[PDB]
């Protein structure tokens, strides 16, 4: 009435209450109605949010995701909950249980992947478990015992089948795999996707989120759904995808996340006496992908670039993905200072009209910028969380703390939206988004 913002204790309670209310038993939905299934990197953040509440339940979330891992090691980006419709494309559309030789038995999953933040979740679970004593450490250690092999096969499938040429960058076959469906990053690559005779379909996402300004366009879904046909045509075979996919991009943000993830998992590997060969491979991949990320960077600004494998050209766009090198490290000293100056200046966190000192998903001074349209400009708490956590890991304590503080100030309305209008702070997209409650729960301590 005079202040509709919640106290930190109220906010934490409401966040935990949302997370438990989205739990179907062994998996947590990403959002009640818009995303009523398990999503891959959402589940990682959800496990980060459960770790303060229940190490046992946080571990279960990851167990459920890994039970859906493909025979080649790929973690698919959706694990469908039994009987739940209302999300398109659903399991019938992917038809992975029919066509994919590597699809898991008695789980319905999608046929593409999503970024490897999972090792970060494992670290948070272990750090929480160490503060809780003997029996709770045993739960988390038993999880490592049971799942170390599966985490390795996840990291090895990325390194070996999505970086076939040892370039230290991850190749994607769908914008969905980047986590940033309609980012300006992929526009020119999608412009070259000319769909054929696409089996007719009817969206479900914009029945729930009805504002057209907040979701992709019907022209964009036509390209998204046509890439699926191309995959279905080759039965999702890794060896055949390079030859048939109309969309092939190296994703520098995904690559930087993978480098961090390998480094995190290698340190876990040493602390818990995992095999030396695995630890050595993880450090190898962390350095390889650190270097591949750095190779994309503007020698002046340090901004990281995506690469269109088909067009054979660098993708120059002004999104938060430019800051990938800050996550994983490796830039020369001068180039990193310039990139931090870009991050803090008028083109991103320093823009005079922003309500919060947070990272907009696209630069407000970019021609591509749209204040309400999903990844084309809104501020996403999940990015705030990932940048903050990675910055703290770099030693940039005060930078990390400013992002956390502004992110809590933004979240303190209690909507738990997935993204926010960068100028007015209006919550957008789905409310009750699980990974926004998780970010809040992890921040509050």
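Residue numbers count along the first chain shown, from 1.
Per the records, residue 207 is among the residues left out by at least a third of the other compared entries, whereas the shown structure includes it. Mean CA temperature factor is higher for 32-40 when stretches 32-40 and 409-417 are set side by side in the entry. Of the two segments examined, 191-199 and 111-119, it is 191-199 that shows the higher average Cα temperature factor in the deposited entry. Comparing C-alpha B-factors across 357, 179, 83, 269 in the deposited entry, the largest value falls on 83.
Per the PDB record, 211 has a higher Cα B-factor than any other of 306, 211, 336, 287. Sorting the modelled residues of the chain by their CA temperature factor places residue 344 in the middle third. Split the chain's modelled residues into thirds by C-alpha temperature factor. Residue 102 is in the highest one. In this PDB entry, residue 323 carries a Cα temperature factor that places it within the lowest third of its chain's modelled residues. Remark: residue 141 belongs to the middle third of its chain, ranked by C-alpha B-factor as recorded. Residue 124: CA B factor lies in the lowest third for its chain, per the PDB record.
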